[PDB]
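Because the Cβ atoms are built from the backbone with ideal geometry, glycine has one as well, and the counts that use them run over all protein chains shown. What is reported rests on the model, the rules as stated and the sources as named; none is laboratory data.
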Amino acid sequence: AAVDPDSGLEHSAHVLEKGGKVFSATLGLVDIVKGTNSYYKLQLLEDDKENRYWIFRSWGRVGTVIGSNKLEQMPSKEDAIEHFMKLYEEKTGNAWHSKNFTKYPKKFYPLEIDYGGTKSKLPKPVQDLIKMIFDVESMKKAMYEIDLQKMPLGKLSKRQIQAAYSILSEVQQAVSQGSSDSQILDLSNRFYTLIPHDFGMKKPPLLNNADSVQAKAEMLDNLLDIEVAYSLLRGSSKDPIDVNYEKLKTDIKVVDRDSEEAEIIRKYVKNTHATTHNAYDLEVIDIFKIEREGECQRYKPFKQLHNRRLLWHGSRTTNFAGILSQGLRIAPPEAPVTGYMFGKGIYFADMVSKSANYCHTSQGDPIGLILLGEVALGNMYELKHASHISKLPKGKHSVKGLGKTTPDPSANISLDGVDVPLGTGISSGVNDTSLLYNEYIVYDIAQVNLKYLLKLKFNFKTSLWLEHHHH
Amino acid sequence: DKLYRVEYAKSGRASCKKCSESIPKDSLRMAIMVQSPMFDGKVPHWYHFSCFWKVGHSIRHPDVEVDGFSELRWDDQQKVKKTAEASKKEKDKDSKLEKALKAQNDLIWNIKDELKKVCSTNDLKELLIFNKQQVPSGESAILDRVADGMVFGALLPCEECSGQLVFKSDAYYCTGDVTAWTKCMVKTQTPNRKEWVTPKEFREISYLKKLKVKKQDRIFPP
DNA sequence: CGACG
DNA sequence: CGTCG
Ligand SMILES: [Zn+2]
Ligand SMILES: [Zn+2]
């Protein structure tokens, strides 16, 4: 762990360890009523050389300068440890070690901060792709960055992030259930404790606004996915490239640029993109035929199904590692909703614009990844508005949200007996609908069979594009 | 809750932020609540009642802008109200209710003075215990609540959190914990209460109260 | 939050 | 503890 710099000893000393336990604690205390949003930091420092020991306290209000600190030199290590444990028990009401911690009123709560040959023979496009999805520099940057607006008190262990996730799901259950205002206040206090927020010196607000709650749930789910990817990176004589390829449990091939299926893919991408809600254009780079291990088997129950279609899906590149490792997955029942309008399931789009907007690519990383899946839709339950459903109606296999714009159905194409909606964007005759582009949804992981995967540059319409386009 | 505060000095130890001299104990003092730079909490900046108006604080209405006004002695309330400046049935009943308020105030204060005269702090703690009342921190609050109970009755526990209620300037606020994370916020001007019961030990001193229980009911600000 | 009677 | 900052 890190030595708090307000002590001026990060180089002269180091935080102390013993019995497989570290002596740095970061406690939060919140009351939305009175508005209190306080932090308490406690450390026991040991000089890198001699038997010199310190106790460092700091306290104040999160994301502000209100507060103070104190550094004491202790005559010994044992006196330091006694001082540390007694201060901890004073400020939290619990002991230093305990399987079952119990919150006590007016007492702080502890926060779980997370600290810390060459003989490959694969084709170069695939090697670049692997370098892309298993990138460690970007992963470590995003994992252990320093954003004092989102994480005013440091990185949070995945445990606490999922705890707050469940608290938000409970908040939504409550708001649904004609809840007590106090039932909401308890969860609001607990959440803002588990996840420190920089509110300057304003009273933290209640979690009544369900929309901002969906937003915070999206944030927490993003952090969870990043934690999972990092844990997957930390999986010799084989080359590291092949080593990380074997983690995927998928067979990858590169379609020939001048191929025919490749040209059909390219026509799909070109037709179904729209510069109307996307300030960029798409450029294909490499096509990839993928075959996941076992997924080819679990999809057989549906291969004789009707209305199998080849559709888009798009996520951030970090997850793609996992996505090839364990196919596409549905959310759990205890997780909250993050914005999707049709419950928890596998989502697809028929227009690359929509699914690509979910790559969240940046002008600094114009590259993104995007999957093509043969999804067995069967019978479409067609809806125009949001609806958090649970049971499909008797006779339906999938759901479809109808937008105001759709590929030209007359241009459909059959690849291996699979409809492909590569037509151009035209108007659908659907009146009184909220979606702009169609959405397809299934609720059984086995109804999807990943077939292809694309690398794409997002050519943004900035000064460079403006010069190349005006000359 | 408010910005300004007024009370009798609980200790002769606070230095005035103007004249930087010890404010004596039990003396009228006025604070301005200011945020602290040392920790995440407001702190009172105390002034002698005199020094407080020389700092140019333009208090329009003390009864509302100053926390703890409704709990001072009557003549001191009048002093704070004056210094803050430098239709028949309606007005008639207005005057009569004002006199009733003065009555109740001077009454509670005579009770507290008799108590402090005859009883000890532990005697008052025992009086509170016997009546199923929580013992607060601070001699002042102890005898304040003893008087509350003796006038209106042993407060009955909260309906939800089961914690004791306490009279604030405007209502009986609950002081209990609905959970280790958040505190309770019930308020009401009509709290349930059973009759106050002085233990028989203090009967010799309860005749030193001459009974005079009365059937009074807490008069709240408009 | 620490400091102090 | 119960004040005070
Ligand atoms: Zn003064
Ligand atoms: Zn209560």
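Does any residue in segment B:11-35 that is within 14 Å of another protein chain (Cβ to nearest Cβ) come within less than 6 Å, Cβ to Cβ, of a residue that is more than 9 Å from DNA strand D (Cβ to nearest atom) and not in a strand (DSSP E or B) six or more places away or on a different chain, and which pairs are these? Listed by first residue and then by second, the contacts come to B:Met33/B:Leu3.
Yes or no: B:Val186 under 22 Å from B:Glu114 (Cα atoms) and among the β-branched types (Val, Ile, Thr)? Walk me through how you get there before you give the answer.
On the way: under 22 Å from B:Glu114 (Cα atoms): no; among the β-branched types (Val, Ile, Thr): yes.
It is false that B:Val186 is under 22 Å from B:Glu114 (Cα atoms) and among the β-branched types (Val, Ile, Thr).
Out of A:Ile441, A:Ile426, which single residue is part of a strand (DSSP E or B) and exposed (fewer than 15 other Cβ atoms within 10 Å of the Cβ)? I'd like the intermediate steps shown before the answer.
Working: A:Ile441 fails: exposed (fewer than 15 other Cβ atoms within 10 Å of the Cβ).
When all the criteria are applied, what remains is A:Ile426.
Scanning segment B:142-163 for residues that are acidic (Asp, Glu) and either touching a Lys or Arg at 6+ places or on another chain (Cβ under 9 Å) or away from ligand 2 (no atom under 16 Å from the Cβ) (or both) yields B:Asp144, B:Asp148. Here A:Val136 clears all of (1) surrounded by fewer than 17 Cβ atoms within 10 Å (Cβ to Cβ); (2) within 14 Å of chain B (Cβ to nearest Cβ) except the condition numbered (2).
Of all residues in segment A:337-362, those that are assigned to a loop (DSSP other than H, G, I, E, B) and buried (at least 23 other Cβ atoms within 10 Å of the Cβ) total 2. Name the single residue that is surrounded by the fewest Cβ atoms within 10 Å (Cβ to Cβ) among those in segment B:161-205 being outside any loop (DSSP other than H, G, I, E, B) and within 14 Å of another protein chain (Cβ to nearest Cβ). Among those that are outside any loop (DSSP other than H, G, I, E, B) and within 14 Å of another protein chain (Cβ to nearest Cβ), it is B:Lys187.
Would you confirm whether or not segment B:37-55 contains a residue that is more than 16 Å from ligand 2 (Cβ to nearest atom), in contact with an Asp or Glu (Cβ under 7 Å, 6 or more places away or on another chain) and not assigned by CATH to the domain that holds B:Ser169?
In the first step, residues of segment B:37-55 are kept if they are more than 16 Å from ligand 2 (Cβ to nearest atom); the result is B:37-55.
Next, from what is left, pick out any that are in contact with an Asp or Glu (Cβ under 7 Å, 6 or more places away or on another chain): none.
No: segment B:37-55 contains no residue that is more than 16 Å from ligand 2 (Cβ to nearest atom), in contact with an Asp or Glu (Cβ under 7 Å, 6 or more places away or on another chain) and not assigned by CATH to the domain that holds B:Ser169.
Beta carbons closer than 7 Å, at least 6 apart along the sequence or on distinct chains, pair a first residue in segment B:69-83 that is closer than 12 Å to B:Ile108 by Cα with a second that is basic (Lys, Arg) for B:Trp74/B:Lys102. Can you find a residue in segment B:112-130 that is surrounded by fewer than 15 Cβ atoms within 10 Å (Cβ to Cβ), more than 16 Å from ligand 2 (Cβ to nearest atom) and in a loop (DSSP other than H, G, I, E, B)? Yes. Listed conditions (1) within 14 Å of another protein chain (Cβ to nearest Cβ); (2) farther than 27 Å from A:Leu27 by Cβ are all met by A:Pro196, apart from (2).
Which condition number in (1) of a type in the set (A, V, I, L, M, F, W, C); (2) loosely packed, with under 14 Cβ neighbours inside 10 Å; (3) within 16 Å of DNA strand D (Cβ to nearest atom) is the one that B:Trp46 fails? It is condition (2) that B:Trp46 fails. For segment B:38-68, filtered to residues that are within 16 Å of DNA strand C (Cβ to nearest atom) and closer than 22 Å to B:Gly12 by Cβ, the residue that is farthest from the other protein chains (Cβ to nearest Cβ) is B:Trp46. Scanning segment A:79-122 for residues that are among the basic types (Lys, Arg) and either more than 14 Å from chain B (Cβ to nearest Cβ) or part of a strand (DSSP E or B) (or both) yields a count of 4. Selection of strands (runs of 3 or more DSSP E) fully inside segment B:1-53 by the criterion of at least 3 residues being more than 23 Å from A:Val33 (Cα to Cα), more than 11 Å from ligand 1 (Cβ to nearest atom) and among the hydrophobic types (A, V, I, L, M, F, W, C) returns nothing.
Only strands (runs of 3 or more DSSP E) whose full extent lies in segment A:1-78 are considered here, and the ones with at least 2 residues that are within 14 Å of another protein chain (Cβ to nearest Cβ) are A:24-31, A:36-47, A:53-61, A:67-74. The residues on offer are B:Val80, B:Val64, and the sole one that is assigned to a helix (DSSP H, G or I) and crowded, with 17+ Cβ neighbours inside 10 Å is B:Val80.
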